[PDB]
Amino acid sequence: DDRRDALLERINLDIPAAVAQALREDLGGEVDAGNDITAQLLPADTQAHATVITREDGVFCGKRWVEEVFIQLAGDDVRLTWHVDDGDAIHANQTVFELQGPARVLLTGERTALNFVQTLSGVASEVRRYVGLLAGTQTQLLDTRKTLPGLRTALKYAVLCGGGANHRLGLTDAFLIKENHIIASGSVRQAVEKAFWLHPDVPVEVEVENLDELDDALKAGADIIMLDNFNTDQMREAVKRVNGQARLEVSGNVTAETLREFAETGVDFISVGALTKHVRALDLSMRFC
C-alpha cells in the first residue's frame, strides 16, 4: 500500500500552507513577526530560552509543524532541542523540547506553536487509548472523513502516531458503493464493474446491510466490504465465509467495551469517527526557565 507514502507527501506540502495561515490569523493577515505589538516592549536583541512541558500523560505529535512555525518567522535564528518524537509516550511534567532564540520571537511564536501540538497530540493520545484495547487481536483501528475543516491531513497523521491506520484521503482515492449506488447500476456486480472501469487502479468498497447482500458483494470482486449493523454473531459468521479478499470494515463508532467484542470476531477493520471529530487538547505550556 502507498497511502502511507501518499499521506507522508501530502502533509509535507500541507504543513507550510496551514502554519502560514495560523500565523496569518494571529499577525493580522500578514506573516510579519514584527506585528506583535506587546512584544515590542522588549529590546530587539534580548536573547531568550524557554521550555515546553506537558502537564498530563499522553503521546506526542506535531514536531514538523513546530519547526515550521519558527522557520516562517525567523528561520536559522531559533534553535530547537527536542527530547521526544512524533509518536512517543509522554509523561506528566516531562519537558518535551526547548527553545533558543531572540526573546521577541519565542513570545510571538508561542501560541501558534502550542496550538498545533496540543491538538495533534490531543488526538494522538486519544487514538492510542483506543488502540490499547485491540491488543492480542488481529483487528485494526481506522479513521474517517469526519475531521476538523483544514486539519484533514494533519489529523490523519496524528491518527497514525496514535497507532491507527488511515482510510481513503477523500472522495478521490477510493470508491464507497452504497444502496443508492447499487440501485443506479442494476446490481452490485454491474456497480463494481463500472467502478473498476471508471478508475481501474483505485480500491472499491461496497456497503452491505445483511449476510445475503454480502455474498453478492464477495463474488462481485469488491476488495473491501463494510457491514452496517450486524451483531457479534453475524459479524463472526460473516468473516467465516470471506477469508481471502476478506477486507471487512465495521463502522464501530459505538462503545468502549463493544470495541472488544467486535475485534474479538476477527473483523479486519473498525473505523471510528469520534477519533477525529472531537478534540481534548493535551495540557501543555512554555515556561521561561
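Residue numbers here begin at 1 and follow the sequence given.
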| item | value |
| --- | --- |
| Mean temperature factor over C-alpha atoms, higher-scoring stretch between 89-97 and 153-161 | 89-97 |
| Of 72-80 and 176-184, the one with larger mean CA B-factor | 72-80 |
| Highest recorded Cα temperature factor - choice among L169, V192, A103, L120 | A103 |
| Chain-relative CA temperature factor third for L211 | highest |
| Among modelled residues of the same chain, the CA temperature factor third for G58 | lowest |
| For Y130, the third of its chain into which the C-alpha B factor falls | middle |
| CA B-factor ranking of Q138, expressed as a third of its chain | highest |
| Modelled-residue ranking by C-alpha temperature factor, third containing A281 | middle |
